Amino acid sequence: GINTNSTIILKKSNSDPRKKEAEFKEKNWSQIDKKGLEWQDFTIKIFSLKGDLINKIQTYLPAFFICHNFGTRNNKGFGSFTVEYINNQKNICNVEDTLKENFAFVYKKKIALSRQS
RNA sequence: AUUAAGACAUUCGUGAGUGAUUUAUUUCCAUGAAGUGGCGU
């Protein structure tokens, strides 16, 4: 918008007024309340002196990460994570089967990619 | 003038020597910085 605190400061342009330019300020971006972040592959460690609980957790962890979203506005798709390796073993979980198992209604959208994106 | 008289149970002597109020005990357990758009029909 137009204020001294906005990270993207929209300013009048010498071009056609119907189009507006933008300015990026690092100080405002450094003090924003929340940021959308994407990381590379990272580690979740679970420690327990109960071995049977660890086995049960290994059984249920992929389903848990397939069922719940994390972060702010997690209803709308932010913070989606899936399990790739468990104890240096790849995990093969049918996402649709897990979603069907743990949810009442499931719907899938016909998304498309035009061979370039 | 009498089987009598005379005579400090007294001198010396440190209640003292060696001795950590110490061994042991997690200021812990629980918990989503998160909920939500609306008009422009």
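Listed as the method for this PDB entry is cryo-EM; the listed resolution is 2.97 Å.

Participant: Teacher, can you tell me more about the protein's contact with RNA strand B here?
Facilitator: The environment of RNA strand B is formed by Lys-34, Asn-69, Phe-70, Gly-71, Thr-72, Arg-73, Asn-74, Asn-75 and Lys-76. By atom count, sugar and phosphate contribute 76% of the portion of RNA strand B lying within 4 Å of the protein. When its residues are assigned to classes, the surface near RNA strand B shows one nonpolar, five polar and three charged.

Participant: Before we go on, may I ask you to explain the side chain of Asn-28 in this structure?
Facilitator: Mapped onto the secondary structure, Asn-28 falls in helix α1 (residues 26–30). Among the polar contacts listed, one links the side chain of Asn-28 to the backbone oxygen of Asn-5, at a separation of 3.1 Å.

Participant: Which parts of the structure should I look at to understand helix α2 (residues 51–67)?
Facilitator: End to end, α2 covers 24 Å across 17 residues, agreeing with the expected 24 Å (1.5 Å per residue, within 8%). Considering bend angle alone, the principal kink of α2 is centred on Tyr-60 and spans about 40°; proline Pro-62 follows within four residues of it. Looking at α2, one finds that the buried residues are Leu-61, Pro-62, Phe-65, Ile-66 and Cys-67. Turning to α2, the residues buried within the fold contact α3 (95–102).

Participant: When you look at the pattern of salt bridges in this model, what are you seeing that I'm missing?
Facilitator: Should their charged atoms come close, side chains of opposite charge can pair. Inspection of every chain in the model, using the stated rule, returns three salt bridges. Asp-16 is paired through a salt bridge with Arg-18; the nearest N and O atoms lie 2.5 Å apart. On the basis of relative accessible area, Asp-16 is assigned to the partly exposed category, the value being 37%. Note on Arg-18: relative accessible area 73%, which makes it exposed. Where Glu-96 meets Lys-108, a salt bridge forms, and the shortest distance between an N and an O atom there is 3.3 Å.

Participant: Help me out: how do you make sense of a nonpolar patch on the surface in this one?
Facilitator: A contiguous nonpolar patch, built from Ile-8, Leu-10, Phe-24, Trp-29 and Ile-32 and spanning about 420 Å² of accessible area, is present on the exposed surface. Turning to its location among the elements, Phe-24 is positioned in strand β2 (residues 21–24). Its relative accessible area of 47% is what places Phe-24 among the partly exposed residues.

Thresholds applied
Residues numbered from 1 in each chain as written, not as in the entry; some residues may be left out. Chains lettered and ligands numbered in written order. Part of a larger assembly, values for the part shown. Heavy atoms only, no water. Near = heavy atom within 4 Å. Nonpolar A, V, L, I, M, F, W, Y, C, P; charged D, E, K, R; others polar. Helix = DSSP H or I, 4+ residues; strand = E, 2+ residues; numbered from the N terminus. Polar contact = N/O pair within 3.5 Å; in protein donor to acceptor, adjacent residues only side chain to side chain. Expected span 1.5 Å × (residues − 1). Bend = angle between axes of the 7 residues up to and from the residue. Buried < 20%, exposed > 50% of the residue type's maximum accessible area, 1.4 Å probe, protein only. Contact = heavy atoms within 4.5 Å. Salt bridge = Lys/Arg side-chain N within 4 Å of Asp/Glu carboxyl O. Patch = residues over 30% accessible without salt bridge, like charges linked within 9 Å, V, L, I, M, F, W, Y side chains within 5 Å. Areas by Shrake-Rupley, 256 points an atom, 1.4 Å probe, with all protein chains shown as cover.

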